[PDB]
Amino acid sequence: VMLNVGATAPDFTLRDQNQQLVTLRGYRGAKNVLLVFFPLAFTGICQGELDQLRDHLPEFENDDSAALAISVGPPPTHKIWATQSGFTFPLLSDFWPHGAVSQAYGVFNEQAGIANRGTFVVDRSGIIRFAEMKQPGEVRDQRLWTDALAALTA
Amino acid sequence: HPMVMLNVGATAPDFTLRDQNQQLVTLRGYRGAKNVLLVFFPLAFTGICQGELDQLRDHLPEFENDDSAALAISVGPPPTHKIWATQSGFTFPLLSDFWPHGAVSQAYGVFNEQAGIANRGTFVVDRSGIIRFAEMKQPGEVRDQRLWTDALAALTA
């Protein structure tokens, strides 16, 4: 069961693609955080979604906002994918324990062992203000993400 | 799961895993036909693993022939192994010990519980399914492939 708007966003500490520790708590009081769970690196739909994030990165990484992509892949997988795709935003590894953060947000697929396509906006207080989960074959709409982020500044 | 690395004399645990093209590969399928080299590696796209599998690729005829087969195994899913294999020119099977995470690695006693990856374990399984060679190096150490071909050569015919 996916966490809803109004819930406290579970805290986490995860390695990014360069093996550096990134914590959700660190953004508190400073930026609104977009969390983009994705199932697997090197797949077509995931490529398309993170490409859109890359293409509009200034709307997601700025003085008001940050964006974190999260999947069960380990850092080396995310590093190569990021380098080859030109992703400069953090890709975080929910790798070991496998899918623990995804489970805490209620967006883990127990059967396949991957995160579903869940998206959250966490405000400066650590409260979830936006929550979506998409069905297969559909691509998430990035205009919703920027709109939700814009609504939490002005 | 065993508490230590499986050693020579043990039955090699059977497994069925997806290779980089999502095809099922089973250890049992080689029984009575070929000696099987099992190369556990921690992570795709890392320098040491690149070097080790490059060396395997460069000497592939000594590992894939009438007497021998070689399988590389790691916790990565097939799409990860597919891209790595295509870009590295690996034509041998890379198998996904992905979900359940590290289950086969644990059955061989070569799983690193702390990091959640396979250690650099290597086995030779003979035509009867018995382990005849067993080593375990840590993710920061490099293995000697001369030992692999030596062990395979000793089991021919």
# chains A, B, ... in the order shown; residues from 1 in each chain; ligands from 1

$ interface_residues --of "chain A" --to "chain B" --cutoff "12 Å" --atoms "only C-alpha atoms" --output "ChimeraX atom specification"
/A:15,17,39-44,72-81,83-84,93-99,109-114

$ select_by_dssp --residues "segment 47-129 of chain B" --states "strand (DSSP E or B)" --output "list in words"
residues 68, 69, 70, 71, 72, 73, 74, 94, 95, 96, 111, 112, 117, 118, 120, 121, 122, 123, 124 and 125 of chain B

$ closest_residue --among "A:128, A:115, A:139, A:151" --to "residue 8 of chain A" --atoms "only C-alpha atoms"
A:128

$ residues_around --residues "residue 56 of chain A" --least-positions-apart "4" --cutoff "12 Å" --atoms "only C-alpha atoms" --output "list in words"
residues 49, 50, 51, 52, 60, 61, 62, 67, 87, 88, 89, 142, 143, 145 and 146 of chain A

$ residues_around --residues "residue 63 of chain B" --least-positions-apart "4" --cutoff "9 Å" --atoms "only C-alpha atoms" --output "PyMOL selection string"
chain B and resi 36-37+56+59+67-70+148-149+152

$ write_last_selection --atoms "N, CA, C and O atoms" --output "PDB file, in the first residue's frame"
ATOM      1  N   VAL B  36      32.047 -27.747 -15.533  1.00  0.00           N
ATOM      2  CA  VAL B  36      31.553 -26.374 -15.514  1.00  0.00           C
ATOM      3  C   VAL B  36      32.375 -25.514 -14.575  1.00  0.00           C
ATOM      4  O   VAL B  36      32.489 -25.813 -13.384  1.00  0.00           O
ATOM      5  N   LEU B  37      32.941 -24.443 -15.124  1.00  0.00           N
ATOM      6  CA  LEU B  37      33.571 -23.401 -14.334  1.00  0.00           C
ATOM      7  C   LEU B  37      32.491 -22.406 -13.910  1.00  0.00           C
ATOM      8  O   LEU B  37      31.775 -21.867 -14.749  1.00  0.00           O
ATOM      9  N   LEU B  56      38.765 -13.834 -19.113  1.00  0.00           N
ATOM     10  CA  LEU B  56      37.933 -14.977 -19.487  1.00  0.00           C
ATOM     11  C   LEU B  56      37.535 -14.898 -20.974  1.00  0.00           C
ATOM     12  O   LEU B  56      37.640 -15.889 -21.700  1.00  0.00           O
ATOM     13  N   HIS B  59      40.455 -15.597 -23.417  1.00  0.00           N
ATOM     14  CA  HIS B  59      40.891 -16.996 -23.456  1.00  0.00           C
ATOM     15  C   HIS B  59      39.705 -17.954 -23.488  1.00  0.00           C
ATOM     16  O   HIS B  59      39.790 -19.084 -22.998  1.00  0.00           O
ATOM     17  N   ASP B  67      34.763 -30.165 -23.763  1.00  0.00           N
ATOM     18  CA  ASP B  67      34.937 -30.684 -22.409  1.00  0.00           C
ATOM     19  C   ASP B  67      34.442 -29.734 -21.318  1.00  0.00           C
ATOM     20  O   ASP B  67      34.091 -30.183 -20.226  1.00  0.00           O
ATOM     21  N   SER B  68      34.420 -28.431 -21.608  1.00  0.00           N
ATOM     22  CA  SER B  68      34.219 -27.424 -20.577  1.00  0.00           C
ATOM     23  C   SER B  68      33.179 -26.367 -20.947  1.00  0.00           C
ATOM     24  O   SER B  68      32.993 -26.028 -22.113  1.00  0.00           O
ATOM     25  N   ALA B  69      32.520 -25.842 -19.923  1.00  0.00           N
ATOM     26  CA  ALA B  69      31.680 -24.660 -20.047  1.00  0.00           C
ATOM     27  C   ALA B  69      32.002 -23.721 -18.892  1.00  0.00           C
ATOM     28  O   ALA B  69      32.560 -24.146 -17.877  1.00  0.00           O
ATOM     29  N   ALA B  70      31.662 -22.448 -19.062  1.00  0.00           N
ATOM     30  CA  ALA B  70      31.911 -21.436 -18.052  1.00  0.00           C
ATOM     31  C   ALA B  70      30.671 -20.567 -17.868  1.00  0.00           C
ATOM     32  O   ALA B  70      30.064 -20.124 -18.839  1.00  0.00           O
ATOM     33  N   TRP B 148      42.294 -21.943 -13.062  1.00  0.00           N
ATOM     34  CA  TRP B 148      41.020 -22.384 -13.638  1.00  0.00           C
ATOM     35  C   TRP B 148      41.243 -23.376 -14.784  1.00  0.00           C
ATOM     36  O   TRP B 148      40.639 -24.449 -14.812  1.00  0.00           O
ATOM     37  N   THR B 149      42.091 -23.004 -15.738  1.00  0.00           N
ATOM     38  CA  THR B 149      42.346 -23.857 -16.903  1.00  0.00           C
ATOM     39  C   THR B 149      43.086 -25.134 -16.496  1.00  0.00           C
ATOM     40  O   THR B 149      42.857 -26.189 -17.076  1.00  0.00           O
ATOM     41  N   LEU B 152      40.451 -27.392 -15.013  1.00  0.00           N
ATOM     42  CA  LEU B 152      39.630 -27.922 -16.109  1.00  0.00           C
ATOM     43  C   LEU B 152      40.384 -28.979 -16.919  1.00  0.00           C
ATOM     44  O   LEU B 152      39.805 -29.999 -17.298  1.00  0.00           O
TER      45      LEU B 152
END

$ atom_distance --atom1 "atom CA of residue 32 of chain A" --atom2 "atom CA of residue 70 of chain A"
16.2 Å

$ closest_residue --among "B:122, B:65, B:145, B:156" --to "residue 40 of chain B" --atoms "only C-alpha atoms"
B:122
